[PDB]
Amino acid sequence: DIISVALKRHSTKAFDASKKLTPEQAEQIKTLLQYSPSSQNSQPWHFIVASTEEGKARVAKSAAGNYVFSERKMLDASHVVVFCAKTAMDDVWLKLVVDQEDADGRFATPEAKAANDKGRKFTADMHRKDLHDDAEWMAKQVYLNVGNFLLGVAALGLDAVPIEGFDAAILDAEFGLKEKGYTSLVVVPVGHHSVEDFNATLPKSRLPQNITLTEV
């Protein structure tokens, strides 16, 4: 029951480092990252999946200064996903996407492929050339991916925590992201919570719908 999943999931504050994802689960989480929807299927993202001691430690360099409380979550979880956005939308990426759709069998005719490409270029250009908000627009798609991911990992019976509390400059530098064309946005440790996870037992809290939700 997905509503049950949504109501029971929580942000894990402490992970049991001994409780790893199964091999299948580790593939499932990668599938969830890949299959998120995004505007124009633009998929403007890269993921770093850290599963080794060394790899997790590299990500954990970002939990410095104001962000030290994030460090243990990054080290102790089984798998840690760094969600990254492209820093600019380029035509090469646009072509990549449409060619992949063609390879996958989405276009019956050259005309259909060309109309798809034109539409995607129009939208991408509106953001980059006119609104000058392509970096934000791409970042929004990445956050959508995060939302899909958190629900999906809960539905697999896995714990996770989304983290904005990290130093993206440190994380980008550690992985050479800027030169590759990406920037780190959200870190999501995934695994199984320990008995020290005080948030596992605390009540969920949300604003009432009478504040947030209008029916018409």
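Heads up: residue numbers just count along the shown sequence, starting at 1.
Report task. Output the stretch having the higher mean C-alpha B factor in the entry; the candidates are 69 to 77 and 88 to 96. Result -> Here the higher of the two C-alpha B-factor means belongs to 88 to 96.
Query raised in the report: Averaging C-alpha B-factors over each stretch, which comes out higher, 50 to 58 or 32 to 40?
Result: Higher mean C-alpha B-factor in the PDB entry: 50 to 58.
Query raised in the report: Per the entry, which of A139, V82, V146, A103 tops the list for Cα B factor?
Result: Comparing C-alpha B-factors across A139, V82, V146, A103, the top value belongs to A103.
Query raised in the report: Say you rank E164, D159, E179, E174 by Cα B-factor from the PDB entry; which sits at the top?
Result: Highest C-alpha B-factor among the listed options: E179.
Query raised in the report: Mind checking which third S11 falls in for C-alpha B-factor across the chain?
Result: For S11, the deposited C-alpha B-factor lands in the lowest third.
Requested in this report: Tell me, lowest, middle or highest third: where does the Cα B factor of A169 rank within its chain?
Outcome: According to the entry, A169 has a C-alpha B-factor in the chain's middle third.
Report task. Can you work out whether the C-alpha temperature factor of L185 puts it in the lowest, middle or highest third of the chain? Result -> As the PDB entry reports it, the C-alpha B-factor of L185 lands in the lowest third of its chain.
Query - Where the record places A64 (Cα B-factor, split into thirds across the chain) - result: As the PDB entry reports it, the C-alpha B-factor of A64 lands in the highest third of its chain.
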